[PDB]
């Protein structure tokens, strides 16, 4: 009976989609690399005082399987689009995910949050000023995270929930 939200985590391989999701679900940081096939998790939380049920789909970052993303994009209600701050290609790839979501869902305003992960790292290659500008061009929030330290993890997921809530109140 509690309100449900279908969240989907997308982005290039190795950016930390699973590390972010596992932090939220299991409260630990996966150091090893275990590339994902597809995983689903459920968790109840309280956001701004309202209880809700998150269904989270953690997807593979495998560009050769881009055609397989359509089906989960149709089902998903909101998308965390994740890049890593030490992977410039992953930031370039964001545009492709955003355009695929817009095309597959035939919708100009799908709930989305842009996530820049690995902000604990001692060096980087992505200029986060460009991330702010990209998020503005899409009309969506930009959130910096580190799955390693847990910084911003709850904020990224809860912000996406708020975007879905606003969409439903349009």
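Numbering follows the first chain given and starts at 1.
Engineer: Which is higher on average in the deposited entry, the C-alpha temperature factors of 75-83 or of 96-104?
Structural biologist: Stretch with the greater average CA B-factor: 96-104.
Engineer: Where do the C-alpha atoms have the higher mean temperature factor in this entry, in 122-130 or in 107-115?
Structural biologist: Comparing 122-130 with 107-115, the higher mean C-alpha B-factor belongs to 122-130.
Engineer: Reading the B-factor column of the entry, which of 40, 36, 51, 145 has the highest value at its C-alpha atom?
Structural biologist: The listed residue with the largest C-alpha B-factor is 51.
Engineer: Quick one: classify residue 137 as lowest, middle or highest third of the chain based on its Cα B-factor.
Structural biologist: Tercile = highest for this residue's CA B-factor.
Engineer: Ranking every modelled residue in this chain by its Cα temperature factor as given in the entry, which third contains residue 66?
Structural biologist: It belongs to the highest third of the chain when residues are ordered by C-alpha B-factor.
Engineer: Within this chain, which third does the Cα B-factor at residue 45 fall in: lowest, middle or highest?
Structural biologist: Middle third of the chain for residue 45's C-alpha B-factor.
Engineer: When the modelled residues of the chain are sorted by Cα temperature factor, does residue 149 land in the lowest, middle or highest third?
Structural biologist: It belongs to the highest third of the chain when residues are ordered by C-alpha B-factor.
Engineer: In terms of the chain's CA B-factor thirds, is residue 170 lowest, middle or highest?
Structural biologist: Highest third, going by the recorded CA B-factors of the chain.
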